[PDB]
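J.: Dropping a structure here in structure tokens format, bear with me for questions.
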Amino acid sequence: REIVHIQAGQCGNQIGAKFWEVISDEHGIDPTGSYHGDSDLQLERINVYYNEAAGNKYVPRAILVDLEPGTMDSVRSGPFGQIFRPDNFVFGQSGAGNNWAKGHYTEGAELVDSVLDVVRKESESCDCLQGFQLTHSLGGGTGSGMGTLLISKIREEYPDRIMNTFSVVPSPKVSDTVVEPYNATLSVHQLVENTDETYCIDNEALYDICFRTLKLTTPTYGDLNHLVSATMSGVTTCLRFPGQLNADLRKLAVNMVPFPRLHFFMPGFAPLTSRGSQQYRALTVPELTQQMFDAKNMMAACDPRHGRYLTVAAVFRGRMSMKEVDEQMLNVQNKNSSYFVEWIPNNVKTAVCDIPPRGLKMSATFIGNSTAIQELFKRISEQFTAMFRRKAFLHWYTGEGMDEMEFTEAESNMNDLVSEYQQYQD
Amino acid sequence: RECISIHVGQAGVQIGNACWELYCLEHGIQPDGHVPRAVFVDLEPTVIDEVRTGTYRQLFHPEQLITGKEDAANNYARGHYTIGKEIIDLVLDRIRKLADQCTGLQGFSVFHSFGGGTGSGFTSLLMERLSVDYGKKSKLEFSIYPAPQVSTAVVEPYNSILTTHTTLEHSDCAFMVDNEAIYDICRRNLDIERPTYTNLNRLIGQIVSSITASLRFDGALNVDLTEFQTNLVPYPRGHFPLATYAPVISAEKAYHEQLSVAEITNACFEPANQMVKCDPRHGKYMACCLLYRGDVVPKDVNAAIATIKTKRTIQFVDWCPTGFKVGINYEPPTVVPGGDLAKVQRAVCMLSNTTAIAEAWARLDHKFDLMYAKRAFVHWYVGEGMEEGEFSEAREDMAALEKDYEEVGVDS
Amino acid sequence: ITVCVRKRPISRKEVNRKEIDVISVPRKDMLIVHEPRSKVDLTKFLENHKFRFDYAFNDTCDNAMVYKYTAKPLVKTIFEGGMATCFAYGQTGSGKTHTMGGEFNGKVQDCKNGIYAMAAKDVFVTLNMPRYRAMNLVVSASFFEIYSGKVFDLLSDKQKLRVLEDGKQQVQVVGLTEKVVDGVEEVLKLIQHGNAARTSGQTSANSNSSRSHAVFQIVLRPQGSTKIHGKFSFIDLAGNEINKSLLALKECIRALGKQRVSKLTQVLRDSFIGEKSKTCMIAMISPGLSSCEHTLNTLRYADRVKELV
């Protein structure tokens, strides 16, 4: 099987560097080097993310889409930056304006064809394609607009292969941009109707989870990114490993989406202990479920405790008892019968790889489909209206060839999306 | 004379590797000896690969190891219809290529895991295509039906109400071994909170050895496969008896091993030792096939059983005077060199049809409704070549399996 | 045939009047009327009646949302080569003009906001799609009103038109002007023009009026076809000659399922007769307690129409 990552925008890009920083080491691939793999198993399934050309050069099969040179020229001028074949860099030296409209209708719409071109060169690579990984932020141009287009096109070209989306939904407390809800509401819209698996991460849900669950005092972006990339590795790549009970994107999809919206999840990693001290090793297993299922530790902003779950997928990856795994999951399902929805006898989807995260003994990625994420699109949707009402920075959109009915559309859509999700919380 | 076997679904394959292990182990045929007599099916390569990478690697022909690199999918539909379809032909081919090579066979011991994708669906049509290609044989399917409270898949029932209705009109005798109710045995009758799947497998891997292996093996009271279905099913419904083993004592802890027949037989009817959470809560037995093995005096049996026939609290069906098929083998059991199984010199693998499953089916049917009642993961099957028909019409199916297992008993 | 109901929120005038909101829509397809009533002794009690519709819209629902559920699904029908009709039905001031024509408490305003415009928008987008492009279709629009058995061309300065029927019984409105549109902007212009021209009494202090039947149509034509490829007729009905048309309308729609004439039904007749034809009826309801009698009348009418389903 296979997949082809997609680094839309700067963020989605910045993260690319971290997702590939990791993944590679979790596959023994040095900058341009080959497979130094401490083992022999980190190779029989690599294909999922690379391509064979030289014999020591397995190149990441991702796409780097962005209308701001400097960015990709920071990712390509640093560490692992020199492993991507230049063909991968689909830049847009234009003005990468922070407008969803500027990267979806006017500026991005041009650079698109020169992207799809490659997304096809990579898809028609070899063997059988599974789906595409998509990273980006719903709070900018090259991210929400242009990346949200990249998919609307992808999903027309292969409505068969899957589409996981890793979105950095606009954090609450403080917005790292101003129109944010504009660029956001507009991209979520496109998401709820193309990709079929979305993993929403919040820069501040991370800080928290990174400053209190990792006594880490100076959580640089690199970190946040790093933590995130840690989860997306547990998801995909991982399951493309052996296991007593292994799954793969689809299983994950076909066990997690009760209703076609596409629904968005909230990823959570397992061993998340501070370096030295904490290295408690309390990782027998009840310790991992202890972790994963708590409020804090959910990369999302919202707290599960604020709304039932529809599905859950503990994708563990480290030798354990299909008994102490299958078992724990249960008590968990009974101690919290309250929030776990009922019309699904077994919400949880236990998954079990074998080999764990390179240096760790036992981990377990969590992919939750809780109704709690209602209380986020609400947020976003609110911010919109409060500012849409006055058409705040709307001239930067319309003036870019947009529509007063376009914004209406998205909000509503994504706004209805909130509605539905409640239809199950009840 | 023989009995092919088709281990379907990762599980049916894990259990397969196990039952297949115990075999050579008690036949003096190490890693590389003769040639098996079965096949392995799965739509997830990595698992059958375990039989291609791990132990008992070269004891098989890459020909009796079928795989569909594609996708497993914990959903009946996909495994039965859509995907599972593509492989079936090929699958059959082996059970027609392996079925030919032999000499007057008796049937195919099928190994599947009720609530899976490749295990429920696929087989459904495998057994399906068999009942037509060899209606003139035995179709005893050895299942591992849904843990009463400790299920795994979220959908499980969808997959098990569907493997039951499609296989029902195709099997001869369906043996059942409850995954959870076996754990109890590992907790209560062997002591270990560390039971790896690799153990439950060693267990069924035992009870099964008592079925085929030893039985198809000479003895003082041989019992053919046909024998079963005949002495075991009162009615065409591919009736599902339950597997039970007697000396399930721990090879470390306690040691009273020397537990003469009179004991090991009584240890079969106590509900805490039957590889099935169908505690004889009321279910009247209607036929039991007491397969003994090891040093056993026919009188010992034709007495130990007599004592039972008159315990009454063990109430047998009405329309059934005597329902006790005494199967005596010679060679005692054969425990793994160093697993956790005691290792006695006599055992009782008694299986039977009990009005008890009236429960187990009930409790599993109800499950289904709850979800269907909301369509839950329905879109996952529909989009896989199924319809509101197959579900609703397979529900009605089992409905008359709740009435069937009710009528054939509870009444006189 | 699809039938929906949409409750409008209480207006400022009603609120100031302190009118009580009698209607609730607890579910997507459930509408409840909390009818106030008094016994002979004048005991007060509530008779809550329940109505079910394919879609029931609350006061919160926008025109876009309403449009999505009603008219939008019909557009494809015309491209399919069928004939679709969408009717706004209800009491005076219920919101029919607002929904079809555009947002205005006066029923007259922003064309873009209404179903005629939204439907047009979708027509251009679909025409552009690959399955359709081969069709080489041209889009035409017309707008006319029916008043006291008379047809007037809103596009051609209220010009009175004559309607004839052949022995074949097919009807034609001669003189009706069809205007070529190649952009939503175009359609908006025509809607504005027609709406200004729409019939009424003296300048009322507020609001428009529905003395007439308003019908805006979108036609697709290659070179005829079935007398044109497909046609969508959006009708803004007069507040519930009017009675006869409404009675006539009901029978025609119900006839649609299986397969006392009026002008409206006569002009629309081709839209009911064909096998490939779909209709949607939207019943508008004013939530005020004072309007309770009117609403039940509207709802019951609606029930019979859906009954055909």
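Note that the protein sequences, when read in sequence, are chains R, W and D. Reading the first sequence from the start, the letters are residues 1 to 426 in this note's numbering. Reading the second sequence from the start, the letters are residues 1001 to 1412 in this note's numbering. Reading the third sequence from the start, the letters are residues 2001 to 2309 in this note's numbering. Note that CB positions come from ideal geometry on N, CA and C, so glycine has one too.
Buried or exposed: residue 2098 of chain D, going by 16 or more other Cβ atoms within 10 Å of its Cβ?
T.: The count along the third sequence starts at 1 and reaches residue 2098 of chain D at position 98. The residue in question, residue 2098 of chain D, is buried, as its Cβ has 16 or more Cβ neighbours within 10 Å.
J.: Measuring alpha carbon to alpha carbon, tell me which residue in W:1334, W:1243 and W:1265 is nearest residue 1300 of chain W.
T.: As a working mapping, residue 1300 of chain W is identified with position 300 in the second sequence. Cα-wise, what sits closest to residue 1300 of chain W is W:1265.
J.: Flag residue 2041 of chain D as yes if its beta-carbon sits less than 9 angstroms from any beta-carbon of chain R, otherwise no.
T.: By one-based count along the third sequence, residue 2041 of chain D stands at place 41. With 9 angstroms as the cut-off, residue 2041 of chain D does not count as an interface residue toward chain R.
J.: Shorter than 9 angstroms from the beta carbon of residue 193 of chain R to some beta carbon of chain D?
T.: Counting from one through the first sequence, the residue named residue 193 of chain R turns up at place 193. It does not; no Cβ of chain D falls within 9 angstroms.
J.: Taking the alpha carbon of residue 1159 of chain W as the reference point, which residue from W:1386, W:1309, W:1120 and W:1236 has its own alpha carbon closest?
T.: Here residue 1159 of chain W is taken as the residue at index 159 of the second sequence, counted from 1. Cα-wise, what sits closest to residue 1159 of chain W is W:1120.
J.: Could you tell me which residues DSSP pairs with residue 2110 of chain D in its beta bridges?
T.: Your numbering for residue 2110 of chain D matches position 110 in the third sequence. Answer is D:2103.
J.: Measure the CB-CB distance between residue 2024 of chain D and residue 2031 of chain D and report whether it falls below 9 angstroms.
T.: On the third sequence, position 24 is the one that residue 2024 of chain D refers to. On the third sequence, position 31 is the one that residue 2031 of chain D refers to. Against a cut-off of 9 angstroms, the Cβ pair of residue 2031 of chain D and residue 2024 of chain D comes out as a contact.
J.: Are the Cβ atoms of residue 125 of chain R and residue 61 of chain R separated by less than 9 angstroms?
T.: In the first sequence, counting from the first residue as 1, residue 125 of chain R sits at position 125. In the first sequence, counting from the first residue as 1, residue 61 of chain R sits at position 61. The answer is yes: Cβ separation under 9 angstroms.
J.: Residue 2064 of chain D touches chain R at which residues, Cβ-Cβ below 8 angstroms?
T.: As a position in the third sequence, residue 2064 of chain D is number 64, starting the count at 1. Those within 8 angstroms of residue 2064 of chain D in chain R are 405, 408, 409 and 412.
J.: Residue 1371 of chain W versus chain R: which residues are under 9 angstroms apart at the beta carbon?
T.: Against the second sequence, residue 1371 of chain W aligns to sequence position 371. The answer, in chain order, is 343, 344 and 345.
J.: With a threshold of 6 angstroms on Cβ separation, who are the neighbours of residue 265 of chain R within its own chain once the five nearest residues in sequence on each side are excluded?
T.: In the first sequence, the residue the question calls residue 265 of chain R occupies position 265. Hits under 6 angstroms: 199, 367, 368 and 369.
J.: Measuring CB to CB, does residue 141 of chain R end up less than 9 angstroms from residue 107 of chain R?
T.: Here residue 141 of chain R refers to the residue found at position 141 when the first sequence is read from its first residue. Here residue 107 of chain R refers to the residue found at position 107 when the first sequence is read from its first residue. Taking 9 angstroms as the Cβ cut-off, residue 141 of chain R and residue 107 of chain R qualify as a contacting pair.
J.: What is the DSSP secondary structure of residue 2272 of chain D, reduced to helix, strand or coil?
T.: Indexing the third sequence from 1 puts residue 2272 of chain D at position 272. Residue state, collapsed to three classes: helix.
J.: Which class does residue 2163 of chain D belong to by DSSP, given the choice of helix, strand or coil?
T.: By 1-based counting over the third sequence, the position of residue 2163 of chain D is 163. Residue 2163 of chain D: strand per DSSP, three-state reduction.
J.: According to the Cβ coordinates, are residue 168 of chain R and residue 302 of chain R closer than 9 angstroms?
T.: One-based indexing of the first sequence puts residue 168 of chain R at position 168. One-based indexing of the first sequence puts residue 302 of chain R at position 302. Not closer than 9 angstroms, so no.
J.: Quick check on residue 450 of chain R - is its C-beta less than 9 angstroms from some C-beta in chain W?
T.: A question about residue 450 of chain R goes unanswered here, because the residues of chain R that appear run from 1 up to 426.
J.: Using a cut-off of 8 angstroms between C-beta atoms, extract the partners of residue 251 of chain R located in chain W.
T.: For the purposes of this step, residue 251 of chain R is taken as residue 251 along the first sequence, with counting starting at 1. Within chain W, the residues near residue 251 of chain R are 1071, 1072, 1073 and 1074.
J.: Note the first and the last residue of the continuous beta strand (DSSP E) segment covering residue 403 of chain R.
T.: Within the first sequence, numbered from 1, the residue matching residue 403 of chain R stands at position 403. Residue 403 of chain R -> no beta strand (DSSP E), and no H or E assigned at all.
J.: Does the Cβ of residue 2260 of chain D have 16 or more other Cβ atoms within 10 Å, making it buried, or fewer, making it exposed?
T.: Taking the third sequence and counting its residues from 1, the one referred to as residue 2260 of chain D is at position 260. Residue 2260 of chain D should be labelled exposed.
J.: Kindly provide the ranges of any beta strand (DSSP E) runs that are 3 or more residues long and lie completely inside the stretch 1308-1392 of chain W, ordered along the chain.
T.: You should have 1324-1328 and 1346-1354.
J.: How far does the alpha helix (DSSP H) with residue 2030 of chain D in it reach, from first residue to last?
T.: In the third sequence, residue 2030 of chain D corresponds to position 30, counting from 1. Run containing residue 2030 of chain D: none in the alpha helix (DSSP H); it sits in the beta strand (DSSP E), 2030-2038.
J.: For the beta strand (DSSP E) holding residue 1176 of chain W, just list the boundary residues, first then last.
T.: Counting from 1 along the second sequence, the entry for residue 1176 of chain W is found at position 176. Taken as a continuous stretch (DSSP letters only), the beta strand (DSSP E) holding residue 1176 of chain W covers 1173-1176.
J.: In its own chain, which residues sit with a C-beta less than 8 angstroms from the C-beta of residue 118 of chain R, not counting the 5 before and 5 after it?
T.: Translated into the one-based positions of the first sequence, residue 118 of chain R becomes position 118. The residues are 63, 87, 88 and 90.
J.: Please classify residue 1275 of chain W as buried or exposed, where buried requires at least 16 neighbouring CB atoms within 10 angstroms.
T.: In the second sequence, residue 1275 of chain W corresponds to position 275, counting from 1. Answer is buried; the Cβ neighbour count reaches 16.
J.: Hey, is residue 2076 of chain D's beta-carbon within less than 9 angstroms of any beta-carbon in chain R?
T.: As a working mapping, residue 2076 of chain D is identified with position 76 in the third sequence. Not closer than 9 angstroms to any Cβ of chain R, the Cβ of residue 2076 of chain D fails to qualify, so no.
J.: Starting from the beta carbon of residue 2189 of chain D, find every residue of chain R whose beta carbon is closer than 7 angstroms, and list them in chain order.
T.: Counting from 1 along the third sequence, the entry for residue 2189 of chain D is found at position 189. Residues of chain R passing the Cβ test: none, with the nearest at roughly 17 angstroms.
J.: In three-state DSSP terms, what is residue 1419 of chain W?
T.: Given a span of 1001 to 1412 for chain W in the structure shown, any question on residue 1419 of chain W remains unanswerable.
J.: Any beta-carbon of chain D closer than 9 angstroms to the one on residue 127 of chain R?
T.: Walking along the first sequence from the start, residue 127 of chain R turns up at place 127. Not one chain D Cβ lies under 9 angstroms of residue 127 of chain R.
J.: Counting pairs of beta carbons, one from the stretch 2140-2156 of chain D and one from the stretch 2170-2177 of chain D, are three or more of them closer than 8 angstroms?
T.: The stretch 2140-2156 of chain D, when compared against the stretch 2170-2177 of chain D, does touch it at the 8 angstroms Cβ threshold.
J.: Any idea what DSSP makes of residue 378 of chain R, helix, strand or coil?
T.: Along the first sequence, one-based indexing puts residue 378 of chain R at 378. Looking at residue 378 of chain R - three-state DSSP - the assignment turns out to be helix.
J.: Please list, in chain order, the chain R residues whose beta carbon lies closer than 9 angstroms to that of residue 2329 of chain D.
T.: In the structure displayed, chain D extends from 2001 to 2309; residue 2329 of chain D sits before or after that span and is not available.
J.: Tell me, please, whether the CB atom of residue 2121 of chain D is closer than 9 angstroms to any CB atom in chain B?
T.: Here chain B cannot be found, since the structure's protein chains are R, W and D.
J.: Hey, could you find the ends of the beta strand (DSSP E) residue 2048 of chain D is sitting in?
T.: As a position in the third sequence, residue 2048 of chain D is number 48, starting the count at 1. Run containing residue 2048 of chain D: 2044-2052, per the beta strand (DSSP E) assignment.
J.: Check whether the stretch 1145-1161 of chain W and the stretch 1188-1197 of chain W are in contact - that is, three or more C-beta pairs closer than 8 angstroms.
T.: No, the stretch 1145-1161 of chain W does not touch the stretch 1188-1197 of chain W.
J.: By the 7 angstroms beta-carbon criterion, what residues does the stretch 329-343 of chain R contribute toward chain W?
T.: Hits within the stretch, in order: 330 and 343.
J.: Could you give the C-beta distance for residue 1494 of chain W and residue 1031 of chain W, rounded to a whole number, given that I count them as a contact under 8 angstroms?
T.: The first residue shown for chain W is 1001 and the last is 1412, placing residue 1494 of chain W beyond what the model contains.
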